[PDB]
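Worksheet for the structure shown next.
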Amino acid sequence: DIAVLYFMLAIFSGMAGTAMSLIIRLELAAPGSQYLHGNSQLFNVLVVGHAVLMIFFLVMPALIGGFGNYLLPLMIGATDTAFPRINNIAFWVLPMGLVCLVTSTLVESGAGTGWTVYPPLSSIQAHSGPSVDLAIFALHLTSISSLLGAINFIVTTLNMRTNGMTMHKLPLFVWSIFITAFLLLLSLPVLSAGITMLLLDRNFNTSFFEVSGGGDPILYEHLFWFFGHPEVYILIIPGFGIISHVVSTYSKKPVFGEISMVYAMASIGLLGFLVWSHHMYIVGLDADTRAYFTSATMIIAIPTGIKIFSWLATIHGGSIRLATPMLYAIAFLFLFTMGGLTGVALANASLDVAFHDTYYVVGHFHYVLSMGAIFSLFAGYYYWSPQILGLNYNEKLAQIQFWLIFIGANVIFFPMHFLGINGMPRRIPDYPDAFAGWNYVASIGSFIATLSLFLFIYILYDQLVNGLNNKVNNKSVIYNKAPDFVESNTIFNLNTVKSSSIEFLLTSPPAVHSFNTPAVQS
Amino acid sequence: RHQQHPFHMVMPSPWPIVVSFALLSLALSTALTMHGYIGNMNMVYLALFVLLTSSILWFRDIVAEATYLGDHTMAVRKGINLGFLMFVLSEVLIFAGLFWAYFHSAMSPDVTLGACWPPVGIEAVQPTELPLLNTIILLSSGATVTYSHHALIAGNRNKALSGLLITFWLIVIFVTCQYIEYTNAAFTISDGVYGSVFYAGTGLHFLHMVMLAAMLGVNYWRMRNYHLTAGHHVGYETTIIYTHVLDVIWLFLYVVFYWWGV
Amino acid sequence: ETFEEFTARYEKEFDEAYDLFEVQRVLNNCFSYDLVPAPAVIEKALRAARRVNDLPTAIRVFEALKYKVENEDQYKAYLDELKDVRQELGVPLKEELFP
Amino acid sequence: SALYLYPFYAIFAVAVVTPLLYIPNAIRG
Amino acid sequence: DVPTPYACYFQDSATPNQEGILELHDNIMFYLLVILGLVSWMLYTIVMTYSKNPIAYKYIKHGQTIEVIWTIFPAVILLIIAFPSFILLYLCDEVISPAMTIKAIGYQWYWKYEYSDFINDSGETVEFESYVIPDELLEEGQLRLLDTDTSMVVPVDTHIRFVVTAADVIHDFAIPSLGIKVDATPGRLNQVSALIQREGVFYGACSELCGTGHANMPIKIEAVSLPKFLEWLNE
Amino acid sequence: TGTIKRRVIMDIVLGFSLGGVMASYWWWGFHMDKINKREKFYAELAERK
Amino acid sequence: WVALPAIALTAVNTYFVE
Amino acid sequence: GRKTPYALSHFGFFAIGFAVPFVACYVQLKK
Amino acid sequence: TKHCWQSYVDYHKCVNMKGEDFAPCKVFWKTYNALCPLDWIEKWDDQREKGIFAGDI
Amino acid sequence: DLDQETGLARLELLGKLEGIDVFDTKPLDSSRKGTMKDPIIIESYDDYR
Amino acid sequence: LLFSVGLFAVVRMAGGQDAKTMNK
Ligand code: HEA
Ligand code: HEA
Ligand code: CUA
Ligand SMILES: [Cu+2]
């Protein structure tokens with residue numbers, strides 16, 4: 001259905017975003033080498049094209065909606081997504097925004113001013129290169145399209161619940177992206193209102209986030225925070241669902257703590273809205289207010305810790321089978337524990353006053369968001385891809401892609417925790433002379449990681465040629481070897497095509513109209 | 001007996017309306033960003049008109065699916081009801097964004113340009129001449145449709161048409177009165193940090209209400225072709241009342257500027 | 001939950017063998033718990049292996065206890081009692097077989 | 001019917017042709 | 001002090017502010033590193049020492065009381081990690097002590113300063129606009145992109161307040177050698193009270209982006225004693 | 001109980017111990033290097049004016 | 001019915017004031 | 001096609017998707 | 001000090017109106033010279049000579 | 001609302017007053033053996049369900 | 001990894017700071 005083009009546009013935009021990574025880091029190698037435009041002419045335009053194109057165009061559609069519109073109805077048992085007309089709306093809205101964003105890059109000067117476009121004089125003074133209106137419209141359509149898919153996923157896992165599943169033992173990806181869309185509702189239209197406010201300010205000269213008229217930019221600063229903090233929780237929580245499923249099926253289908261897991265995910269969904277706070281702790285709010293803020297970011301750090309202790313208990317005591325998605329899950333877990341550690345580090349009160357807009361926070365958020373989200377999307381593709389695409393994915397090249405990604409991204413984003421505390425500024429085009437050390441090996445690592453992306457492209461072209469002696473069966477047979485089936489059902493569905501080893505039983509590729517008969521749980 | 005799945009299907013992905021709405025939104029992008037700095041006055045109105053027309057085409061095909069082909073059932077009824085009842089709670093957030101923006105601009109005083117809010121140079125309207133009629137006309141709108149609903153349940157036609165048409169002819173009068181209020185206002189969009197937060201938290205209702213009048217004009221054209229019936233609960237039948245709850249929360253906006261603001 | 005009610009309950013469930021994959025599935029799950037299997041359970045296992053007309057699962061239970069046997073001393077003790085049980089069974093060690 | 005869908009298809013066709021004619025003026029001034 | 005190539009830590013602490021930040025930073029890094037040693041030993045032991053046999057253990061989603069034990073354990077980690085955060089915020093936030101006032105304002109490519117703690121013998125509030133040094137004007141001895149021509153000069157052992165605003169896309173001055181970070185908003189002002197420990201020129205840079213000239217905005221400050229600041233006439 | 005109970009107890013307790021000794025030698029070594037170097041430098045600048 | 005009619009009559013009486 | 005149903009459209013499609021930041025950067029550096 | 005607007009209005013609603021000795025207003029004059037900028041005094045003197053300065057007077 | 005196309009609203013009203021539901025809403029767990037000697041019975045308007 | 005590091009070495013090393021002596 002929508003999923004195949006939905007994934008093709010994600011890969012297109014991902015190679016565009018890695019090209020932006022290539023250009024930005026190739027400039028950041030040595031002082032003033034590759035590009036003469038060390039200014040917001042072309043360079044801050046490149047970092048905004050990079051950031052907003054890649055977060056909005058890659059992790060957001062593939063992680064929520066691709067696995068959503070292909071794998072939420074197939075895991076809950078639904079025929080199609082409950083409003084089949086507006087997935088089609090939202091996804092065809094998306095590449096019009098890709099055209100809108102590349103038009104924002106192309107025009108005369110370029111008002112690209114970072115992905116978090118702060119008002120005070122991003123105003124009509126910058127609109128001789130009026131790009132930033134096109135950038136905020138591309139973000140506005142991506143905003144409403146993710147909203148539309150969020151409503152669709154909520155209503156699909158509400159009314160089209162197949163008579164198997166009650167609300168007490170639900171799958172983790174299903175309940176995961178239900179919490180994700182239920183969390184997306186409560187944060188999207190606030191920033192839609194902020195888009196139309198500041199667009200009215202920079203078009204029809206009423207200027208309430210700007211300087212004149214006593215306009216105050218801190219209202220917008222609260223607004224885009226209040227959107228962008230649950231935005232990154234949208235960025236990670238279906239990733240937690242996918243990591244739960246791969247940690248399940250490659251080691252041990254008895255996983256640790258389901259009801260505890262879904263309670264912890266609802267705890268993250270509760271406590272994740274009301275701390276927009278740490279992102280500009282520094283600005284000079286009140287002391288009791290910022291102390292309450294610092295205290296509550298610790299309590300948003302608790303339940304994710306409970307979840308990763310649960311998966312730590314899960315991989316323990318199970319027959320691990322080190323395929324490529326199990327390597328993705330174990331690398332996910334190791335790097336995300338350290339990223340949440342540095343989260344607690346930045347989460348303190350009196351340390352953002354030394355850590356804001358430096359490369360220490362940059363290494364931290366690249367660490368959690370890049371490692372977590374892209375390792376989860378890696379696990380999702382190399383996990384569900386022979387089911388949907390019907391072809392086996394040449395396991396040895398998947399192994400070398402994993403190792404090459406791991407060492408490349410690690411040697412990129414580990415030196416930033418050294419470059420940051422010494423006092424690098426953020427989005428610096430030309431850094432001082434005493435910072436030339438670690439950016440060189442960061443550039444080496446960026447070429448390593450884009451080589452691994454090109455290796456992924458050769459694997460994606462190798463998805464044509466039906467290897468049989470490379471990868472056939474996840475969760476190899478226990479003690480049987482003469483009987484042949486998918487070897488695991490911890491609840492006894494086994495109805496027609498749905499079971500407890502959920503949706504591995506459709507066919508390869510699944511039919512254009514599956515689910516004729518309603519499934520049942522034991 | 002030959003049976004089936006209760007939830008239904010539509011025309012497949014090569015469908016002109018999903019490409020139409022998307023290329024339309026790209027035309028709206030080019031309109032809003034090329035009239036703003038190169039100056040094409042004609043086609044932003046063309047983009048708004050083609051948006052309205054494609055919305056009515058999309059709506060006409062889905063109401064053809066509703067009644068002219070007869071697809072929806074009780075599960076799909078509860079699904080559309082719950083979806084566009086959670087759409088109310090989604091609208092509460094974009095509401096509360098402007099609500100909290102004005103709450104911050106009035107609770108925290110800007111030390112320049114009238115530290116007391118409303119500022120020195122801008123004077124608010126007295127809430128007793130026209131707005132005392134506005135709260136009561138919204139209260140009557142919210143008070144007579146809950147009897148119009150029992151009138152539609154009871155099966156008669158003249159009483160339901162009476163309550164319905166006095167409600168919505170009355171709110172056409174409300175469209176005219178809000179137009180004359182925010183025409184006769186002295187301070188404008190370009191004033192303070194007060195003007196285009198107050199005019200924003202009235203123009204949102206202006207946008208919602210012209211969309212509301214379009215939606216109920218098409219609802220009445222649907223009513224006059226014997227489409228809707230008191231047993232015809234198809235799914236559009238229940239999505240017509242919740243804008244009264246939206247007007248109750250509009251009254252909740254309305255109260256924060258009169259009793260607590262000045 | 002304890003040792004003895006486990007032994008009784010799953011020997012009662014275990015004399016419901018009647019088949020190849022049924023006895024192999026109940027061998028799998030009754031072997032995969034968090035306790036070492038009783039010698040009476042493995043005597044019923046070998047007798048059910050005689051009932052279901054299959055020899056290599058009667059080899060497979062022995063390498064399964066060779067992994068799970070948690071030391072070498074209990075392994076030699078099981079080799080003794082299971083050795084004269086083999087003399088009344090006829091099943092070989094893998095270490096006696098060399099595939 | 002479709003007798004109004006044909007001129008609507010026409011005005012949509014020009015409404016998605018002419019902004020693509022607008023964008024070289026947007027890049028070239 | 002100054003950044004250095006291949007640097008592990010940050011610059012030298014000359015404030016009780018940076019002494020407290022370094023102390024609390026080593027505290028939180030200590031708790032972070034016991035948690036990292038934990039999870040590294042866990043993942044190595046599980047993945048390597050569990051080669052396996054093809055059975056997985058039976059026990060399904062459970063473990064109530066020992067699981068809630070290791071959910072109560074992060075809470076005591078938070079309390080012990082957050083009490084020094086509370087005492088250091090209480091020690092750092094207050095500004096009541098009498099202090100010299102120097103005020104800054106920055107317009108997209110520079111800063112300028114004003115000395116009005118003490119109406120001097122001339123009685124005039126002074127100004128100087130701290131611009132940059134471009135490629136042609138390079139003193140080859142001094143270091144590039146931290147080159148501010150007209151330095152701040154501040155007496156040692158003196159409480160100093162930075163009561164700043166800005167315009168013209170706004171941004172923030174941050175000197176990581178002494179640890180300052182404020183808003184410099186167009187309409188709102190804020191202070192930060194800080195003495196200094198030693199003498200010596202201290203270097204900083206601009207945190208928040210302003211746009212086409214976010215690169216070329218260096219920020220420095222010189223630290224002298226009381227009589228050398230007393231001799232600093234023609235301010 | 002059995003082997004998996006013995007292994008979770010020994011494993012988590014030795015993980016506590018190894019993380020504790022890694023961060024304890026780290027904090028002792030580097031934090032005492034800080035107290036030596038910085039308190040000696042402040043001793044020079046204060047006791048020698 | 002009584003919530004609609006008499007309250008709407010009082011509404012039309014209060015509307016004629018201003 | 002006769003030579004490219006999807007044999008080169010993957011390579012060429014990704015070449016375009018990698019090369020459009022290059023031509024955007026080129027026309028923005030030319031200004 | 002806190003709410004610099006109150007300090008400025010305190011010694012600006014001095015000798016213009018409310019004829020007072022120059023020393024208690026001079027205390028707040030010295031308070032405004034520190035702690036509060038000097039470039040914007042041209043702006044909030046233009047606001048006063050225009051007559052739509054935000055002070056109550 | 002009778003005599004309209006697609007009488008799926010018939011058996012909601014019909015099954016509402018007589019019991020037999022419309023679109024086989026009901027679940028199943030017959031507390032069985034799962035054994036090939038007596039498997040769970042399969043009823044369909046087809047040979048595969 | 002060798003092809004990545006070698007490609008990095010043979011793409012660009014040109015036009016940096018003034019001189020090592022200037023740093024001194
Ligand atoms: C999906 C991405 C993602 C995720 C999940 C997080 C999660 C967290 N982030 Fe981060 N963060 C970002 C992405 C993310 N962040 C981005 C993009 C920015 C700003 C950049 C900008 O926008 O430009 C940012 C900014 C940011 C700041 C702003 C500082 C500044 O601007 O300089 C801070 C400070 O508090 C912070 C902290 C945290 C914390 C505490 C968590 C916590 O949720 C993590 C908690 C997890 C655990 C703690 C790990 C598991 C537990 C243990 C291993 C065992 C027990 C240990 C403890 C509980 C003590 N984040
Ligand atoms: C989506 C998240 C994401 C990812 C993956 C990356 C990946 C990379 N980023 Fe970026 N980056 C951001 C999001 C991301 N970044 C954000 C928000 C900013 C801040 C912007 C600013 O504030 O202006 C930023 C900023 C940023 C900076 C500026 C620092 C600043 O001042 O803050 C630099 C500097 O060179 C940089 C480099 C890189 C590099 C070399 C990679 C490399 O890791 C790239 C190599 C990785 C890949 C190979 C992944 C390929 C992925 C796919 C194609 C799809 C997914 C999976 C497949 C199916 C293959 N990034
Ligand atoms: Cu401001 Cu740089
Ligand atoms: Cu955050």
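Chain labels run A, B, ... following the order of the structure tokens; each chain numbers its residues from 1, and ligands are numbered from 1 in the order shown.
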Margin query: Please return as a PyMOL selection string the residues found within 8 Å of ligand 3, counting only C-alpha atoms and all ligand atoms.
Written below: chain E and resi 106-109+169-172+206-211+213-217
Check: Skipping near chain neighbours, those fewer than 3 positions away, what residues fall within 9 Å of segment 28-30 of chain H using only C-alpha atoms, listed as an MDAnalysis selection string?
Finding: (chainID A and resid 35:37 41:42 105:110) or (chainID H and resid 23:25)
Note to self: List as a PyMOL selection string the protein and nucleic acid residues near residue 92 of chain C, meaning an atom at most 12 Å away when only C-alpha atoms are counted, but skip any in the same chain fewer than 6 places from it.
What the structure shows: chain C and resi 55-63+79+82-86+98-99
Could you write out the selected residues, including C-alpha atoms, as a tab-separated table (two decimals), in the first residue's frame?
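Okay, this is what ended up in out.tsv:
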```tsv
chain	number	residue	atom	x	y	z
C	55	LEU	CA	15.81	-43.57	19.35
C	56	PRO	CA	17.62	-40.23	18.56
C	57	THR	CA	15.49	-38.28	21.03
C	58	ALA	CA	16.65	-40.84	23.59
C	59	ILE	CA	20.14	-39.73	22.63
C	60	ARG	CA	19.15	-36.02	22.69
C	61	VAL	CA	17.91	-36.10	26.32
C	62	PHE	CA	21.41	-37.15	27.40
C	63	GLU	CA	23.29	-34.30	25.75
C	79	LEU	CA	26.25	-41.66	34.12
C	82	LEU	CA	21.63	-43.94	33.76
C	83	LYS	CA	24.38	-46.45	32.81
C	84	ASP	CA	22.64	-49.47	34.20
C	85	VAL	CA	19.41	-47.88	32.95
C	86	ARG	CA	21.08	-47.89	29.49
C	98	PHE	CA	31.59	-40.42	17.46
C	99	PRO	CA	29.25	-39.22	14.62
```
Next item on the list: Within 8 Å of ligand 4, which residues show up when you count only C-alpha atoms and all ligand atoms? List them as JSON, numbers by chain, please.
Entry: {"A": [228, 229, 230, 232, 275, 276, 277, 278, 279]}
Go ahead and save the residues from that selection, with N, CA and C atoms, as an mmCIF file, in the first residue's frame.
```cif
data_model
loop_
_atom_site.group_PDB
_atom_site.id
_atom_site.type_symbol
_atom_site.label_atom_id
_atom_site.label_comp_id
_atom_site.auth_asym_id
_atom_site.auth_seq_id
_atom_site.Cartn_x
_atom_site.Cartn_y
_atom_site.Cartn_z
ATOM 1 N N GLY A 228 9.082 20.543 20.942
ATOM 2 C CA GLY A 228 10.243 19.779 20.533
ATOM 3 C C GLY A 228 10.752 18.794 21.560
ATOM 4 N N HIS A 229 10.340 18.923 22.807
ATOM 5 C CA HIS A 229 10.688 17.912 23.801
ATOM 6 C C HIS A 229 9.810 16.659 23.620
ATOM 7 N N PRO A 230 8.463 16.750 23.535
ATOM 8 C CA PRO A 230 7.717 15.535 23.183
ATOM 9 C C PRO A 230 7.993 15.060 21.771
ATOM 10 N N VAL A 232 11.013 14.701 20.519
ATOM 11 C CA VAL A 232 12.058 13.692 20.622
ATOM 12 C C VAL A 232 11.557 12.468 21.374
ATOM 13 N N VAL A 275 7.951 18.862 31.164
ATOM 14 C CA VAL A 275 9.296 19.396 31.309
ATOM 15 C C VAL A 275 9.895 19.925 30.006
ATOM 16 N N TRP A 276 9.562 21.160 29.604
ATOM 17 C CA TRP A 276 10.077 21.683 28.339
ATOM 18 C C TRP A 276 11.375 22.415 28.627
ATOM 19 N N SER A 277 11.911 22.152 29.813
ATOM 20 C CA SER A 277 12.435 23.186 30.685
ATOM 21 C C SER A 277 13.932 23.324 30.572
ATOM 22 N N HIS A 278 14.621 22.189 30.489
ATOM 23 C CA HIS A 278 16.067 22.169 30.643
ATOM 24 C C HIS A 278 16.751 22.773 29.432
ATOM 25 N N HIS A 279 16.012 22.900 28.336
ATOM 26 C CA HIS A 279 16.577 23.190 27.028
ATOM 27 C C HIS A 279 17.039 24.634 26.996
#
```
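Between atom CA of residue 22 of chain A and atom CA of residue 424 of chain A the interatomic distance comes to 20.4 Å.
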Please determine the contact residues of chain A with respect to chain F at a cut-off of 10 Å, counting only C-alpha atoms, and supply them as a PDB file with N, CA, C and O atoms, in the first residue's frame.
```
ATOM      1  N   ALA A 313      17.232  -7.796  31.863  1.00  0.00           N
ATOM      2  CA  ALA A 313      16.794  -9.085  32.389  1.00  0.00           C
ATOM      3  C   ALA A 313      16.337 -10.025  31.278  1.00  0.00           C
ATOM      4  O   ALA A 313      16.443 -11.248  31.417  1.00  0.00           O
ATOM      5  N   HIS A 316      19.290 -11.737  29.265  1.00  0.00           N
ATOM      6  CA  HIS A 316      19.761 -12.737  30.207  1.00  0.00           C
ATOM      7  C   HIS A 316      18.917 -14.002  30.138  1.00  0.00           C
ATOM      8  O   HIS A 316      17.685 -13.944  30.105  1.00  0.00           O
ATOM      9  N   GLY A 317      19.589 -15.149  30.131  1.00  0.00           N
ATOM     10  CA  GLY A 317      18.902 -16.426  30.229  1.00  0.00           C
ATOM     11  C   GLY A 317      18.085 -16.814  29.019  1.00  0.00           C
ATOM     12  O   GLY A 317      16.992 -17.367  29.170  1.00  0.00           O
TER      13      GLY A 317
END
```
Item checked: At most 7 Å from ligand 2 (only C-alpha atoms and all ligand atoms): residue list as a ChimeraX atom specification -> /A:10-11,14-15,18,21-22,24-25,28,47-48,50-51,54-55,58-59,114-115,359,362,366,369-370,374,377-378,381,405,409,412,426-428,446,449-450,452-453,456
Margin query: Residues within 8 Å of segment 57-67 of chain B, please, as a PyMOL selection string. Count only C-alpha atoms; anything in the same chain fewer than 6 positions from it doesn't count.
Written below: chain B and resi 17+227+234-235
Note to self: Around ligand 1, which protein and nucleic acid residues have at least one atom no more than 7 Å from it, if we count only C-alpha atoms and all ligand atoms? List them as a VMD selection string.
What the structure shows: (chain A and resid 232 to 233 235 to 236 278 to 280 297 to 298 300 to 302 304 to 305 308 336 to 341 343 to 344 346 to 348 352 355 to 358 361 to 362 365 368 to 369) or (chain E and resid 32 35 to 36 74 77 to 78)
Near-residue 387 of chain A list (10 Å; only C-alpha atoms; drop same-chain fewer than 2 positions) as an mmCIF file with C-alpha atoms, in the first residue's frame:
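Once written, around-v7.cif looks like this:
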```cif
data_model
loop_
_atom_site.group_PDB
_atom_site.id
_atom_site.type_symbol
_atom_site.label_atom_id
_atom_site.label_comp_id
_atom_site.auth_asym_id
_atom_site.auth_seq_id
_atom_site.Cartn_x
_atom_site.Cartn_y
_atom_site.Cartn_z
ATOM 1 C CA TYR A 383 14.135 -7.571 10.806
ATOM 2 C CA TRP A 384 10.855 -7.178 8.911
ATOM 3 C CA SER A 385 12.334 -6.884 5.398
ATOM 4 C CA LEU A 389 9.854 -7.685 0.448
ATOM 5 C CA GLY A 390 10.036 -11.464 0.172
ATOM 6 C CA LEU A 391 13.804 -11.606 -0.312
ATOM 7 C CA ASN A 392 16.647 -12.626 1.986
ATOM 8 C CA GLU A 503 2.533 -11.514 11.853
ATOM 9 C CA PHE A 504 5.373 -13.839 10.876
ATOM 10 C CA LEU A 505 2.691 -16.036 9.326
ATOM 11 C CA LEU A 506 1.129 -13.879 6.600
ATOM 12 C CA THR A 507 3.183 -14.925 3.527
ATOM 13 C CA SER A 508 6.122 -13.421 1.616
ATOM 14 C CA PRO A 509 5.003 -11.032 0.196
ATOM 15 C CA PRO A 510 1.632 -10.637 1.939
#
```
Next item on the list: Could you please determine the separation between atom CA of residue 12 of chain D and atom CA of residue 44 of chain B in Å, to one decimal place?
Entry: 13.5 Å
Margin query: Set the distance at 9 Å and use only C-alpha atoms: which residues neighbour segment 13-27 of chain D once local chain neighbours fewer than 2 positions away are removed? I'd like the list as a list in words.
Written below: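 After dropping sequence-adjacent residues, the list is residues 103, 106, 107 and 108 of chain A; 23, 24, 26, 27, 30, 31, 34, 38, 43, 46, 47 and 50 of chain B; 8, 9, 10, 11 and 29 of chain D.
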Please, could you write that set of residues out with N, CA and C atoms as a tab-separated table (two decimals), in the first residue's frame?
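Generated file (part-v6.tsv):
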```tsv
chain	number	residue	atom	x	y	z
A	103	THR	N	13.30	24.04	-2.45
A	103	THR	CA	13.09	25.39	-2.98
A	103	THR	C	13.55	26.45	-1.98
A	106	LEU	N	17.15	26.57	-2.56
A	106	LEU	CA	17.63	27.01	-3.87
A	106	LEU	C	17.62	28.52	-4.07
A	107	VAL	N	16.66	29.24	-3.48
A	107	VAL	CA	16.42	30.64	-3.87
A	107	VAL	C	17.56	31.55	-3.43
A	108	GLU	N	17.53	32.80	-3.93
A	108	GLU	CA	18.67	33.69	-4.14
A	108	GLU	C	19.74	33.71	-3.04
B	23	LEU	N	-0.95	18.57	-4.24
B	23	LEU	CA	-0.49	19.57	-5.20
B	23	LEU	C	-1.18	20.91	-4.98
B	24	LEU	N	-2.40	20.87	-4.44
B	24	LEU	CA	-3.10	22.07	-3.99
B	24	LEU	C	-2.37	22.74	-2.84
B	26	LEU	N	0.80	22.51	-2.27
B	26	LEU	CA	1.99	23.13	-2.86
B	26	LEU	C	1.64	24.43	-3.58
B	27	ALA	N	0.45	24.49	-4.20
B	27	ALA	CA	0.00	25.74	-4.81
B	27	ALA	C	-0.29	26.80	-3.75
B	30	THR	N	3.18	28.14	-2.71
B	30	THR	CA	3.67	29.11	-3.68
B	30	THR	C	2.84	30.39	-3.67
B	31	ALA	N	1.54	30.30	-3.38
B	31	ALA	CA	0.73	31.50	-3.27
B	31	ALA	C	1.15	32.34	-2.07
B	34	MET	N	4.85	33.61	-2.69
B	34	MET	CA	5.16	34.48	-3.81
B	34	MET	C	4.33	35.76	-3.82
B	38	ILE	N	6.86	38.76	-4.06
B	38	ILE	CA	6.90	39.09	-5.48
B	38	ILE	C	5.56	39.70	-5.88
B	43	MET	N	-3.82	34.66	-7.13
B	43	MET	CA	-3.87	33.21	-7.02
B	43	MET	C	-3.90	32.68	-5.59
B	46	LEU	N	-7.34	31.94	-5.47
B	46	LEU	CA	-7.56	30.75	-6.29
B	46	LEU	C	-7.19	29.49	-5.53
B	47	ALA	N	-6.12	29.55	-4.73
B	47	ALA	CA	-5.72	28.42	-3.90
B	47	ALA	C	-6.75	28.14	-2.81
B	50	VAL	N	-9.83	26.58	-4.61
B	50	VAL	CA	-9.64	25.19	-5.02
B	50	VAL	C	-9.51	24.29	-3.79
D	8	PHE	N	-12.99	21.55	-13.56
D	8	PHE	CA	-12.23	21.56	-12.32
D	8	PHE	C	-10.86	20.92	-12.51
D	9	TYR	N	-10.80	19.85	-13.30
D	9	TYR	CA	-9.52	19.27	-13.68
D	9	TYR	C	-8.67	20.26	-14.47
D	10	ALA	N	-9.32	21.09	-15.30
D	10	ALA	CA	-8.58	22.09	-16.07
D	10	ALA	C	-8.00	23.19	-15.17
D	11	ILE	N	-8.81	23.71	-14.24
D	11	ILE	CA	-8.32	24.80	-13.41
D	11	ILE	C	-7.30	24.28	-12.39
D	29	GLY	N	14.99	36.47	-9.64
D	29	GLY	CA	14.57	37.85	-9.47
D	29	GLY	C	13.93	38.46	-10.70
```
Check: Which neighbours of residue 13 of chain I fall inside 10 Å, counting only C-alpha atoms, when residues of the same chain fewer than 5 positions from it are skipped, and could you give them as a PyMOL selection string?
Finding: chain I and resi 7-8+18-20+25+55-57
Sort by chain and increasing residue number a table of all residues of chain G within 8 Å of chain B, each with its closest pair of atoms and their distance in Å to one decimal, counting only C-alpha atoms, and write it as a Markdown table.
```
| residue | atom | partner | partner_atom | distance |
| --- | --- | --- | --- | --- |
| G:1 | CA | B:147 | CA | 6.3 |
| G:3 | CA | B:143 | CA | 6.8 |
| G:4 | CA | B:144 | CA | 4.9 |
| G:7 | CA | B:140 | CA | 7.6 |
| G:8 | CA | B:140 | CA | 6.3 |
| G:11 | CA | B:136 | CA | 6.4 |
| G:14 | CA | B:133 | CA | 7.6 |
| G:15 | CA | B:133 | CA | 5.7 |
| G:18 | CA | B:129 | CA | 5.3 |
```
